[PDB]
Amino acid sequence: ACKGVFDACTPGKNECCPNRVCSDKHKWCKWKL
(Lines of atoms letter the chains of each structure in order from A and count residues from 1; the text may use other names and numbers.)
(Lines give C-alpha, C1' and ligand atoms only; values in the text may rest on other atoms or scores of the structure.)
Protein backbone atom coordinates (compact mmCIF):
# COMPACT_ATOMS: atom_id res chain seq x y z
CA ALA A 1 0.00 0.00 0.00
CA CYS A 2 2.63 2.60 1.06
CA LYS A 3 6.44 2.74 1.57
CA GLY A 4 8.18 1.92 4.88
CA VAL A 5 9.39 4.44 7.52
CA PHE A 6 12.31 6.91 7.05
CA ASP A 7 11.46 7.10 3.31
CA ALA A 8 12.32 10.41 1.57
CA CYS A 9 8.92 11.65 0.32
CA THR A 10 7.37 14.99 -0.77
CA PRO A 11 5.27 16.79 1.89
CA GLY A 12 1.74 17.77 0.79
CA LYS A 13 1.68 14.94 -1.83
CA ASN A 14 0.51 12.31 0.72
CA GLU A 15 2.80 9.65 -0.85
CA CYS A 16 3.66 7.91 2.47
CA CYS A 17 1.09 6.01 4.61
CA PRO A 18 -1.70 7.88 6.45
CA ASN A 19 -0.39 6.87 9.92
CA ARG A 20 3.02 8.38 9.02
CA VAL A 21 3.85 11.88 7.68
CA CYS A 22 6.51 13.38 5.36
CA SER A 23 8.87 15.44 7.58
CA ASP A 24 10.02 18.79 6.10
CA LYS A 25 13.08 19.47 8.34
CA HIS A 26 14.21 15.81 8.06
CA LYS A 27 12.73 15.32 4.53
CA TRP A 28 11.72 11.66 5.24
CA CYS A 29 8.65 9.64 6.33
CA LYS A 30 8.25 9.05 10.10
CA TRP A 31 5.70 8.34 12.87
CA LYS A 32 3.49 11.11 14.36
CA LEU A 33 3.28 9.81 17.95
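Shown for chain A, in order and in Swiss-Prot numbering: 49-81.
According to its header, this structure was worked out by solution NMR.
Each Cβ is built from the backbone N, Cα and C atoms, and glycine gets one as well.
Annotation source Swiss-Prot lists disulfide bond at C50-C65, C57-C70, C64-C77.
Of the disulfide-bonded residues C50, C64, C65, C70, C64 has the largest number of other Cβ atoms within 10 Å of its own Cβ.
With respect to Cβ neighbours within 10 Å, the disulfide-bonded residues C57, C77 differ, and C57 shows the lowest count. Looking only at Cα atoms, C50 (disulfide bond) sits nearest to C64 among the disulfide-bonded residues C57, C64, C70, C77. Taking only the Cα positions, the spacing between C57 (disulfide bond) and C77 (disulfide bond) is 6 angstrom. Look at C77 (disulfide bond): DSSP puts it in a strand. Note: the CA-CA distance between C70 (disulfide bond) and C77 (disulfide bond) rounds to 4 Å.
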